[PDB]
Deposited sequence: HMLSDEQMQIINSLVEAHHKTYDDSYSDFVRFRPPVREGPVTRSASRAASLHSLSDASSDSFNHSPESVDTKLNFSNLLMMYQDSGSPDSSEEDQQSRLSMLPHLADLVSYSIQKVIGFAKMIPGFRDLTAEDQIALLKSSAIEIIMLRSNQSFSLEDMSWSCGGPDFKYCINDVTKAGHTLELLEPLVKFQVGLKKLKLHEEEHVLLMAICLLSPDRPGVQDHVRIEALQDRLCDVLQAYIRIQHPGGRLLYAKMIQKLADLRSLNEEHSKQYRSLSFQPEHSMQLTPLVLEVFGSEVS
């Protein structure tokens, strides 16, 4: 069997949107408040995360069907999935040799200890690193990686989602594409799809744990004041 046009156009659109919103040179990191090794890494990681949110939004607006939803639904999907999309795109810089994220220079090489200095515990970081490694091992093609992100961001089962029917249809179509592609263009990817869908489940638990820890941080003004206006908006609960 083979893939159809309006199915391959979807893959080309997503791949191009990812390239348009993911800087391989990481040349914007020098513009963030510098990293410093109470919670010394918060300023830098807050800027890193704020900047990633902007990228995720740019990516989302290019997912076919996303721009047609209501602003309320677009926001509901972004706010509830943003951290999961960030965690997925960060895998691109994850390294199985040092279990860290390397983004250009040694200054921008994040260890599990660095995130700790941003207010997080191993309760989150442990499962997170485990997730990164598991995903890194699936050796996804750029096409599957980008499809996984679009499928994640287009989940109708998120709090605040209104037009659950139209979003269910957009995500179903993205799922077919991923299934067809793995079956046709990924030699040895017999069990891949199920393992990918499994990764979305893992993300739900990480999202849940990240939200708790973030809530704790946002309730302490000496820490929340270190965050950016975009981070406070997206991770805030003032919907």
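Visitor: In sequence order, which deposited residues have no C-alpha?
Guide: Missing from the model are residues 38 to 97, 300.
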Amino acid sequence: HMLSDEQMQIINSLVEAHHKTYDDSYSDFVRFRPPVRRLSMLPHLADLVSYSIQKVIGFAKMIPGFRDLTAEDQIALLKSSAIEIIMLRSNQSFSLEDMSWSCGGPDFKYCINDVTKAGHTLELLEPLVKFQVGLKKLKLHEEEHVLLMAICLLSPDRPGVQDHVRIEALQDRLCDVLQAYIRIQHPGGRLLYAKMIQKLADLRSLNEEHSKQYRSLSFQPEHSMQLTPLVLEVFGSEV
From here on, numbers count along this sequence of modelled residues.
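Between two forms, the rigid core is defined as the largest C-alpha subset superposing within 1.5 Å.
Visitor: Relative to this form, superposed by the core, which stretch has the greater CA RMS in 9 other deposited structures of this protein: 179 to 187 or 194 to 202?
Guide: Farther from the shown form on average in 9 other deposited structures of this protein: 179 to 187.
Visitor: Mean C-alpha B factor from the entry: is it higher for 117 to 125 or for 81 to 89?
Guide: Higher of the two, by average CA B-factor, is 117 to 125.
Visitor: Going by the B-factors listed in the PDB entry, is the mean over the C-alpha atoms higher for 145 to 153 or for 105 to 113?
Guide: Averaging CA B-factors over each stretch, the winner is 105 to 113.
Visitor: Using the temperature factors in the entry, find which of 183, 44, 61, 210 has the highest value at its Cα atom.
Guide: Highest C-alpha B-factor among the listed options: 183.
Visitor: For the chain shown, is the CA B-factor of residue 56 in the lowest, middle or highest third of its modelled residues?
Guide: Within its chain, residue 56 is a lowest-third residue by C-alpha B-factor, going by the deposited values.
Visitor: When the deposited Cα B-factors of this chain's modelled residues are ordered and cut into thirds, is residue 36 in the lowest, the middle or the highest one?
Guide: Within its chain, residue 36 is a middle-third residue by C-alpha B-factor, going by the deposited values.
Visitor: Quick check on the deposited entry: does the C-alpha B-factor of residue 75 sit in the lowest, middle or highest third of its chain?
Guide: As the PDB entry reports it, the C-alpha B-factor of residue 75 lands in the lowest third of its chain.
Visitor: Relative to the other modelled residues of the same chain, rank the CA B-factor of residue 191 and answer lowest, middle or highest third.
Guide: It belongs to the highest third of the chain when residues are ordered by C-alpha B-factor.
Visitor: Relative to the other modelled residues in the chain, which third contains the C-alpha temperature factor of residue 214: lowest, middle or highest?
Guide: For residue 214, the deposited C-alpha B-factor lands in the lowest third.
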